[PDB]
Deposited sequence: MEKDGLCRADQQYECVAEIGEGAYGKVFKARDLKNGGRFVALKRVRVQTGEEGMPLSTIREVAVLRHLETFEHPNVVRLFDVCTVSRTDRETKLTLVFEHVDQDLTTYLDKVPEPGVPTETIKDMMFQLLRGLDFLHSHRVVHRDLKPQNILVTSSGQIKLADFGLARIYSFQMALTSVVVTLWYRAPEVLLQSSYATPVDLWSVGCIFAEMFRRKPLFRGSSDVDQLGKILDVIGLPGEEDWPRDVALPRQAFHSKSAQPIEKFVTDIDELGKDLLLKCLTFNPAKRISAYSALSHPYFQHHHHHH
């Protein structure tokens, strides 16, 4: 509108997003998303609705302009930039524990309200100037490195999908480099099972193009790929990376794990 001025282009991908000046509000930076049905009306309704709770761990939605313009609070950087710029030998064991918790709270908040992010990844996990985690880019219908097994197999899309991503990110906090870096759904599923090993035959979803036989792999020691992690972080991380989504830990169960005590 005539109340916002675009200064740059933050990101673009699956309209796009800009960094803008909130002229009416002290010229603060904001994030303008210009999207381009009833389902959309409803997704927007959901966003407006979740906004009312102003969960500390999700980006504030400052306004919706009547194709569609959504105005969100701006955060200087994302988790990737944060990991890129983090000084050796990495991220403070305790900074990890903290961010992860904040990550799980925002996630449980969405799950409690039955929203499934579906594309959780460092690029849409924003770290604020005060070290606070804020989720963005969800609620509105390139990299499979964070995709969950079921998504890849194309069988279920429940909320467990995001916990898988969380574990994938939890590892990367330490690694500072992606855990499962595949180049195709099959390749991706391949590298995953290389590490967690083949799941029981009954843990394999029924009626999916890819059969368990399509792969050939044993459970490798996790601390091998994730160095510094403790006994507790190891347990939790595994509980997140369980092949069967029905056995995968929930953000809510996660918020209580010993690791956070």
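- Missing from the model, relative to the deposited sequence, are the ranges 1-9, 24, 47-54, 85-92, 168-180, 256, 302-307.
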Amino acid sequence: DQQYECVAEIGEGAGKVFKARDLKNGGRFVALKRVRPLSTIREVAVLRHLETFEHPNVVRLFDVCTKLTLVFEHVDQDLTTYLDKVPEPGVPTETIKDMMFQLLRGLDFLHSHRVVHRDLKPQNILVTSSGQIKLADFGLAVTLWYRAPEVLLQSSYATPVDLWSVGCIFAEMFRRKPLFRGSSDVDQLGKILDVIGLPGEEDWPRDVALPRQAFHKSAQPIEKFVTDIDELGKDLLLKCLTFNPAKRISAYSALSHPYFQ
From here on, numbers count along this sequence of modelled residues.
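In this text, the rigid core denotes the largest set of C-alpha atoms whose superposition between the two forms falls within 1.5 Å.
- For the pair 71-79 and 93-101, greater average C-alpha departure from the shown form in 9 other deposited structures of this protein after core alignment is found in 71-79.
- Comparing 16-24 with 244-252 by root mean square Cα distance to the shown form in 9 other deposited structures of this protein, with the rigid core used for the fit, gives 16-24 as the more displaced stretch.
- Coverage remark for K217: absent from the model in at least one third of the other entries compared whose chains are built on both sides.
- Remark: stretch with higher mean C-alpha B factor among 218-226 and 53-61 is 218-226.
- When the mean C-alpha temperature factors of 155-163 and 85-93 are read from the deposited coordinates, 85-93 comes out higher.
- Considering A31, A45, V35, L236 together, the PDB entry gives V35 the largest C-alpha B factor.
- Remark: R248 belongs to the lowest third of its chain, ranked by C-alpha B-factor as recorded.
- The PDB entry assigns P122 a C-alpha temperature factor belonging to the lowest third of its chain's modelled residues.
- Per-chain ranking of the deposited C-alpha B factor places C240 in the lowest third.
- Among the modelled residues of its chain, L140 has a C-alpha B-factor that falls in the highest third according to the deposited record.
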